[PDB]
Amino acid sequence: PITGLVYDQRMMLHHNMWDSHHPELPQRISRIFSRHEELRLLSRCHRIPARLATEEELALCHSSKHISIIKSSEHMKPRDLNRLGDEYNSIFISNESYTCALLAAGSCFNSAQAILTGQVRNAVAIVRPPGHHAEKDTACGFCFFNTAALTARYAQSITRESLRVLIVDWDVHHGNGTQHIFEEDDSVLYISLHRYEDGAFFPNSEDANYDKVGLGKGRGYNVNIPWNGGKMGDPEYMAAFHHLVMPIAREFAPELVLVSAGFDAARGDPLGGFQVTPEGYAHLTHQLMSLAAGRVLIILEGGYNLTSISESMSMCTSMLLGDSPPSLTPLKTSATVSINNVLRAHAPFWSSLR
Ligand SMILES: O=C(NCCc1cc(C(=O)NO)no1)c1ccc(Cl)c(Cl)c1
Ligand SMILES: [K+]
Ligand SMILES: [K+]
Ligand SMILES: [Zn+2]
């Protein structure tokens, strides 16, 4: 009955040398860690060390060319870092970026190992840069390697290829990279909730819509819950978990749950524009703890209001440690529309939705 925590200040070294106020700040992770100390959560956790992912581990999801190219950035002069970053959608690179991406992934492997060997029951990983936009063959959206996707493949590599892994992506953005990596896989159920706005919200692709249900043997194993029509908050998130995430997850019966835990749907976030509260994130975490015999690993993705992400992620760790969930309207019409669209898309695959 132990919660793991991984945090390494070396992941602060990745930085934007042209714009020191870019929202994906080094301080995101140090602020979250500090808040865990302030609330006396850090001393209640088992500290798991960070390590570098190996290149062979990265090749679980990424092409050798992609790994090679990111690695080459370690000794580039500024002009070349600029040029390379600009080849992608929404990336900045420094000489430390590759190492930090390796540390984020390796931290999460050590956390998954700790859970699967029974050293801890659940864990939290305070890591940057984020992962979920990274594709097999490209970086995207502040992400270099797909930490969460790699962690699912790493878990399978130390257990069995068919280990059932649920990935719940509650970052306000679609994890396009995670959906693509697993699109034909029935061993990894990907469930994302995300602002969509009919394709106006980053990453601006209809890949994020509710009708993308998976392909081939993976059909039914990709669940997109897209929001349209502006701000959403605790009522909408709780309803999506009630009607969709939790019935489907129970039917899938995962053996490990990974949370792509961006905190950019939080109240106060300048990019997300949503209103999920710290108490809301606590309730979503407490629900997920009912799956997989409690085997849950929470992985930081996005989230840009330093106070919001620090309070929100700390509340999640408090839930993982077994604290009682804190005390928490009708849904926006368009949220009802979204949920019902997903129910219709997935009722052919999941009896629980019928
Ligand atoms: O590039 C930007 N936005 C698009 C890329 C992106 C990815 C994420 C994210 O949180 N993904 O889950 N979030 O954004 C960007 C950069 C600077 C500023 Cl100030 C803003 Cl508002 C956006
Ligand atoms: K998401
Ligand atoms: K899948
Ligand atoms: Zn995000």
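Counting from 1, the numbers follow the sequence of the chain as shown. Just so it is clear, the values below take in all heavy atoms, side chains as well, and ignore hydrogens, waters and symmetry mates.
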I'd like to know whether the aromatic ring centres of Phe202 and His133 sit less than 6.0 Å apart in this structure. yes

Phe349 ring center near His346 ring center (under 6.0 Å): yes

Kindly indicate, with the supporting measurements, whether the criterion side chain to side chain donor-acceptor pair (under 3.5 Å) is fulfilled by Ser192 and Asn224. CA-CA 5 Å; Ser192 178; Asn224 286 331; 4.8 Å; no

Any chance the rings of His14 and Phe92 have centres within less than 6.0 Å? yes

Check for me whether the distance between the ring centres of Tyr7 and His36 falls short of 6.0 Å. no

Between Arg121 (side chain only) and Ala293 (backbone N and O only), is there a donor and an acceptor less than 3.5 Å apart? yes

Has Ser107 got a side-chain atom pairing as donor or acceptor with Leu103's backbone, closer than 3.5 angstrom? yes

Test side chain to side chain donor-acceptor pair (under 3.5 Å) applied to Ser327 and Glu279, step by step: CA-CA 7 Å; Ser327 182; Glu279 297 75 17; over 6 Å; no

With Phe182 via ring pair (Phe, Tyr, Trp, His ring centres under 6.0 Å) - residues at least two apart: none

Which heavy-atom pair separates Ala239 from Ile339 by the least distance, and what is that distance? CB-CD1, 3.9 Å

Would you find more than 12 non-hydrogen atoms of other residues, nucleotides or ligands less than 6.0 Å from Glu206 atom CD? no

State plainly whether the residues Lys77 and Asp80 are in salt-bridge range, i.e. N to O under 4.0 Å. no

Do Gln9 and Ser30 meet the criterion of a side-chain donor-acceptor pair at a distance under 3.5 Å? no

Residues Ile2, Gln119; criterion side chain to side chain contact (heavy atoms under 4.5 Å, CB included); working and verdict: CA-CA 8 Å; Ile2 299 294; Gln119 299 311 300; over 6 Å; no

For the residue pair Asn228 and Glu197, what are the closest heavy atoms and their distance? OD1-N, 2.9 Å

Considering only heavy atoms from C-beta outward, does the side chain of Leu81 approach that of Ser73 to under 4.5 Å? yes

Please report the C-alpha distance between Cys45 and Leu321 in whole Å, then the side-chain angles of each, then the deciding distance to 0.1 Å, and finally whether the side chain to side chain contact (heavy atoms under 4.5 Å, CB included) criterion is met. CA-CA 8 Å; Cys45 291; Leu321 285 162; 4.2 Å; yes

Would you say that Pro130 contacts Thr147 through its side chain, given a criterion of any heavy-atom pair below 4.5 Å between the two side chains? no

How far apart are the closest heavy atoms of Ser352 and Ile248, and which atoms are they? OG-N, 4.0 Å

Given side chain to side chain contact (heavy atoms under 4.5 Å, CB included), test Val168 with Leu288 step by step and report yes or no. CA-CA 9 Å; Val168 175; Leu288 298 179; 3.9 Å; yes

Can the ring centres of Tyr281 and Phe263 be said to be less than 6.0 Å apart? yes

So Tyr221 and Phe252, would you call those rings parallel, tilted or perpendicular, with 30° and 60° as cut-offs? perpendicular

I'd like to know whether the aromatic ring centres of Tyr154 and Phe109 sit less than 6.0 Å apart in this structure. yes

Shortest non-hydrogen contact from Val172 to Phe274? CG2-CD2, 3.9 Å

Would you find a donor on one side and an acceptor on the other, under 3.5 Å apart, between the side chain of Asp171 and the backbone of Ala261? no

Apply ring-ring contact (aromatic ring centres under 6.0 Å, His included) to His66 and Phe144, showing your working. CA-CA 9 Å; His66 175 61; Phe144 292 90; 8.1 Å; no

Salt bridge check: are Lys332 and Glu236 linked by an N-O gap of less than 4.0 Å? no

Can you tell whether the side chains of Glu184 and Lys217 come within less than 4.0 Å, N to carboxylate O? no

Verify, without hydrogens or angle tests, whether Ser310 (side chain) and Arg31 (backbone) share a donor-acceptor contact under 3.5 angstrom. yes

Quick one: do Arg83 and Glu87 make a salt bridge, cutoff under 4.0 Å? no

Before we go on, tell me: are the rings of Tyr196 and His174 under 6.0 Å apart, centre to centre? no

Between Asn176 and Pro203 the two heavy atoms that sit nearest each other are OD1-CG, 3.6 Å

Could you tell me if the side chain of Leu39 sits less than 4.5 Å from the side chain of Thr317, heavy atoms only? no

Side chains of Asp169 and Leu193 in contact at under 4.5 Å (non-hydrogen atoms): no

Checking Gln287 side chain against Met246 main chain: does a donor-acceptor pair fall under 3.5 Å? no

Evaluate side chain to side chain contact (heavy atoms under 4.5 Å, CB included) for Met313 paired with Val124, printing each intermediate quantity in order. CA-CA 9 Å; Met313 195 170 199; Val124 59; 3.3 Å; yes

State whether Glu57 and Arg51 are salt-bridged, where the test is any N-O pair (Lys NZ or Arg NE/NH1/NH2 against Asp/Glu carboxylate O) under 4.0 Å. yes

Note: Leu320 and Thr3 closest approach over all heavy atoms is O-OG1, 3.2 Å

